[PDB]
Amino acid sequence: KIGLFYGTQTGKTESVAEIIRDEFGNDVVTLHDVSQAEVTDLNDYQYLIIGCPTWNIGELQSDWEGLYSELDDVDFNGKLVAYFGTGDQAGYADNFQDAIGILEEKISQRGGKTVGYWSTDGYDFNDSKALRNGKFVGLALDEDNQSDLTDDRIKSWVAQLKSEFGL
């Protein structure tokens, strides 16, 4: 029912995808590491969760970068799309969560209806390509600075998405 497509450099978004899966049900969510994925794998789901950390100051994580150049080959109309990222707001206050911002911008143009928007309250940052009229395009996690907050963030966003998705 939901395909969660994640990239990871140092394992944190992956560890977070697993918590997400387990919050919905591991029956409801299928995980796909986008290092092993085909862009046409995204066609298999009408409900997508897109996980990407921002790397090297504002860049997509390297596996998502590879897939990004082909998002063009896919039709996202009729799909509902949620985004999550891991990032470091203290180290990169100017580019916090840019990657999910970049991914959503593209997937949105190609058809996908974004669900899963999230309050910027309680984050300390200057700018982000994830910002959308005062909210983040999706769940912003910081395992570097706010890891005590992650569990309850995920529980709360997942409950939100169960509603947005119709589950």
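Residue positions are given as counts along the sequence shown, with the first one as 1.
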property: Mean temperature factor over C-alpha atoms, higher-scoring stretch between 99-107 and 36-44; result: 36-44
property: Mean C-alpha B-factor comparison - 58-66 and 123-131, higher one; result: 58-66
property: Most elevated Cα B-factor in the entry, residues 115, 28, 52, 139; result: 28
property: Third of the chain's Cα B-factor distribution that residue 92 belongs to, per the entry; result: middle
property: Among modelled residues of the same chain, the CA temperature factor third for residue 167; result: highest
